[PDB]
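Only one chain comes next, encoded as structure tokens, the form deposited without 3-isobutyl-1-methylxanthine.
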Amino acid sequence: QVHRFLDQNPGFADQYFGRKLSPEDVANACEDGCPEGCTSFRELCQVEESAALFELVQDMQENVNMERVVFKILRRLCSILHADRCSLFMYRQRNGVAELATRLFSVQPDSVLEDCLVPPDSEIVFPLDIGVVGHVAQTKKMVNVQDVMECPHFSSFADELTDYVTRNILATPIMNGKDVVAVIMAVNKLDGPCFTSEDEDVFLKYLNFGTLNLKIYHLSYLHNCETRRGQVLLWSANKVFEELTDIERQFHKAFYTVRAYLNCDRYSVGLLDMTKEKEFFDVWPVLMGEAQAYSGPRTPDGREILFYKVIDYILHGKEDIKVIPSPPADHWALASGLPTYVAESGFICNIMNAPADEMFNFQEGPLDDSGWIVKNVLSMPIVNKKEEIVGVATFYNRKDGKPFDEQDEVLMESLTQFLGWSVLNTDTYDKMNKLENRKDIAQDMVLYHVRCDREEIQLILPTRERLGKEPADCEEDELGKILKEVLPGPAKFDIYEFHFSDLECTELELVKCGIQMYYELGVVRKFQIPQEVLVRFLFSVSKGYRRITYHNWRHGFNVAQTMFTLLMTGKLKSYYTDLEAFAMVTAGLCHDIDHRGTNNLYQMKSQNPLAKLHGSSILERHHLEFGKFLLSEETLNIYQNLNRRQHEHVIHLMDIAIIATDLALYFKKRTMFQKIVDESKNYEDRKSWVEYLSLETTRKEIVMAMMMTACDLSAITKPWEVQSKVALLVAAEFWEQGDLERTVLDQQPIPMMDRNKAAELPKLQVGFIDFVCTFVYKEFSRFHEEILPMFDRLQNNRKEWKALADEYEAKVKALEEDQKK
């Protein structure tokens, strides 16, 4: 009624308000003596505002609800600032571009939350540079446009869309750690021509509470998103590292396990072919014109895009995960065409309001019977470490109804990136499978080339002639009779004697002698060894040995023949059961199976695959592995009529036997054998020592190892007429290995291996006898007196070699003095 007069007299108004108001008040006013706070109503206004902000703080403290608190703050700020209305603009980052979407619109001092809240489907998404609000967000500062007609940033999109006229605009960005949470905005100054600087100061200071509330909301959202990202990464890592599988299984496990942390109604994963090049019979139709070339879209790697399998994860309502092999182009995921574009470009596609999109033919409306409409889409390319797109993952309809923002983009990008790197696991798995299949094929080829064939077994088991049947058909008694009438007797060849020589017997005769040795031990009957299997296994062992100078089939029968003599003529079978003797003679046969003619040292120096697979005792472990694999074959498994415990003991005892043939291993454990031999002299008679030793396990293992290392060098303990010839073959093999060293490795061989130093062979043999064999054979002669001939023959051979070496030395000295001196 007088408002204009109060305006024209600011001094009178200030004087009147500064008057001390009487204790009488108007309405409640929380009058704890508050009428005169330096002004008539400054005390009352202070009290009322303090109460209001305290209520706002109470609302903030429990059950954080940023919408309601921000709405109340805006409602009060509308009255304080005299603005016609206020609004709130949520900040989101889609596709790397900041966007400002409405969350509270047309807020008035007499409005309610329901009439001002903006649902996700009614958002006016202003980009970063298409409005004054965008300019505020970009500049990260307050903007006070006194008159907005001349503002170069103003956009009339919102006011035209909402049937409104905007004159003055005041806005500020809600700030949190250099991240714009939101942008409050007040428009249409109701009283004055524009918003004064005092109104600007009030806008800054009164918005600190809203700043705190939005900071809390943003921090909660960020913490939840980061927790979900950590959980999905950990769960994907757990399933990826569970085992080695293909792309499909690994991706399905990773994607299904983390379905709870994605908060998506639906998402589908499409898998692309990896065939870089088509084979010749597929290129022929295009070149010859019988078929047209593929002119469709291609990956950045110049690859055909063909989703060969799409895994569909439908999570809204009922969980009905589907797998679509060779999906049609009509598939609801592929029909939109977004996965194809993602494959073509390898981009990160974030689609808001999919039905309103123009580039992609998203479906018009309801997809399934439930009327689920695609609204927000985020598509991701799964790229391996080699920058190749393995597949495309697409997510639909975020469960909370909001579009996919930056946080969801990074959350799903971390998952897709982790799974893309996990393709190395699948590549390694498929290379494992390829290598295993190739090794199995090579093993089968070896088995064919080593196993005695159908025709070769008739040389030792003639049954198509004697009986007219194949060996697999004849009964055990028939084959036993055939072997008895075919196999040599124990006296035909002195297989029971330490002086056995193989220089006057054929290889077939050697195999027959091996079968006879098996029969002598009596292990064929008690263990029910299939006789045809025994003959086949021995022939296969004979074939498995190479055709090299020394380490051929003959050396490997002489190793096993010597062990047979040790067991039955040296009477060392007292400490060993029949099963142990059986498994111990078999290991004697597989002593040096597949020896390549080069020693263990050459394997390491030449960097053979053997040296990489084993490392220590290379060739011995290789022989053990080959023998065990050959025995694993059913047609050659003599250990097939054996108990599981018996078979395990046999195999175990074979491992010590074969490996102990290594000379380096023997040199490190011979003192233990010396101690064991010394224990024998402590006992009174042989019977007591037999009783004690036959029950010990480790001591029997040591004795068996030393028996191996004595049988290996048994060629020296042969009569001189045999040792002289055998040493020549040994020297020839070592000379061949030295020549191989000089040629391939370009290294000077040691004198024992040097073909040039052929005249030094007697001296080298004398040194070898004095160093290695002497200990073994002396200790064995001390242990068992029956092995004494194997020591006397060694001493005789040493004497002969010493005589030859002395003759060579005398010749060298005579040449040195008689002319050179």
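Start at 1 and count along the sequence shown; that's the residue number. Basically, rigid core = biggest C-alpha set you can superpose within 1.5 Å across the two forms.
What comes next is about the form deposited with 3-isobutyl-1-methylxanthine bound, which is not displayed.
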| property | result |
| --- | --- |
| Clash verdict for 3-isobutyl-1-methylxanthine in the entry with it bound, overlaid onto the shown chain (3 or more atoms within 2.4 angstroms of backbone or C-beta) | open |
| Of 713, 581, 524, 207, the one that lies within 4.5 Å of 3-isobutyl-1-methylxanthine in the entry with it bound (heavy atoms) | 713 |
| Heavy atom within 4.5 Å of 3-isobutyl-1-methylxanthine in the entry with it bound - residue from 41, 775, 768, 791 | 768 |
| In the entry with it bound, residue 550 touching 3-isobutyl-1-methylxanthine (heavy atom, 4.5 Å) | yes |
| Residue 734: touches 3-isobutyl-1-methylxanthine in the entry with it bound, heavy atom cutoff 4.5 angstroms | yes |
| Residue contact check: residue 118 to 3-isobutyl-1-methylxanthine in the entry with it bound, 4.5 Å heavy atom | no |
| Interface membership of residue 730, 3-isobutyl-1-methylxanthine in the entry with it bound, 4.5 Å heavy atom rule | yes |
| Residue stretch of 568-576, 715-723, 248-256, 528-536 approaching 3-isobutyl-1-methylxanthine in the entry with it bound, non-hydrogen atom distance within 4.5 Å | 715-723 |
| Rigid-core-referenced C-alpha movement of 2 Å or more between this form and the one not shown, selected from 120, 530, 544, 627 | 120 |
| C-alpha of residue 779 moved at least 2 Å between this form and the one not shown on rigid core | no |
| CA of residue 213, rigid core aligned, shift of 2 Å or more between this form and the one not shown | yes |
| CA of residue 606, rigid core aligned, shift of 2 Å or more between this form and the one not shown | no |
